[PDB]
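As structure tokens, the structure follows; a few thoughts come after it.
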Amino acid sequence: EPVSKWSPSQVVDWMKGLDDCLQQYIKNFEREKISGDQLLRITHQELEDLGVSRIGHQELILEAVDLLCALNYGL
Amino acid sequence: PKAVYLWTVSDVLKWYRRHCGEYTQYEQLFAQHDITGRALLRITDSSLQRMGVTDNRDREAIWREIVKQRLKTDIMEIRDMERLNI
């Protein structure tokens, strides 16, 4: 399934496979119902709004999205 | 010489003290923002600004160190990869 199709629950299952230090952000992603399409389109400002104020943490999430995006489109 | 992708925030602050030592007042921003090696490879001039390095000259000096470390990293990794071949 393309990531652009993922439901909010599928985004949360993906996040659960990421670094231990990002697990704290899962409640916010869940509350806001971030879909797969929204995740592929995610920005630094959207992460800040989702409670990710540490720039190190923003960059780990963005690194992981960039990797997911490359896989999605088979780059 | 541990590769930057493997650097902990501790390794980042050691890096900072060595190369950005004259700008010791921003050292704790890197701790507060949890800048690991992996983050250090991604941040931009804009991130530094958002983190609190508002002074342009101080920011350019730090940014120049970051770019220098990234080049060093890239070169040494190429050299390492060539030794393993392939």
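We place every Cβ from the backbone using ideal geometry, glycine too, and count neighbours over all the protein chains shown. Derivation of every value follows stated rules applied to the coordinates shown; laboratory data play no part.
Observations on the model:
- Cα-based Rg of chain B normalised by 2.2 N^0.38 Å, two decimals: 1.13
- Chain B: trypsin sites (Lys or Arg not before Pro) in DSSP coil with no more than 13 other Cβ atoms inside 10 Å: B:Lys2
- Value of [θ]222 nm, deg cm²/dmol, for the protein assembly as shown, DSSP H segments ≥ 4, -39500 (n - 2.57) each, nearest 500: -18500 deg cm²/dmol
- All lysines inside 26 Å of B:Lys2 as judged from Cα atoms, apart from same-chain residues fewer than 8 positions distant: B:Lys14, B:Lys68, B:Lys72
- For A:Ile26, the shell of other residues with beta-carbons less than 13 Å away shows a net charge of -1, using +1 for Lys and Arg and -1 for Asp and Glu.
- As a ratio to 2.2 N^0.38 Å, the alpha-carbon radius of gyration for chain A is 1.00.
- When the Cα convex hull of the protein assembly as shown is projected onto planes of every orientation, the mean area is 10.7 nm².
- Computed about its Cα centre, the charge dipole of the protein assembly as shown is approximately 340 debye, with only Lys, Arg, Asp and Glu carrying charge at their Cβ.
- Angle between chain B longest axis and helix B:9-19 axis [Cα atoms, degrees, rounded to 10]: 80 degrees
- Once the Cβ-Cβ distance of B:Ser10 and A:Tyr73 is raised to the sixth power relative to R0 = 25 Å, the FRET efficiency obtained is 0.10.
- Under 12 Å, Cβ to Cβ, from A:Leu60 - net charge with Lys/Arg +1 and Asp/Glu -1: -3
- In a reduced charge model with +1 at each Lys and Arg Cβ and -1 at each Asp and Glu Cβ, chain B shows a dipole moment near 160 debye about its Cα centre.
- Reach of A:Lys5 by Cα under 28 Å, taken over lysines that are not fewer than 8 positions away in the same chain: A:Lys16, A:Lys27, A:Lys33
- Charge dipole (debye, nearest 20) of chain A; +1 at Cβ of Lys and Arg, -1 at Cβ of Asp and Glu: 200 debye
- Filtered trypsin sites (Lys or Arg not before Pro), the stretch A:23-62: DSSP coil and at most 13 other beta carbons within 10 Å: A:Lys33, A:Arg41
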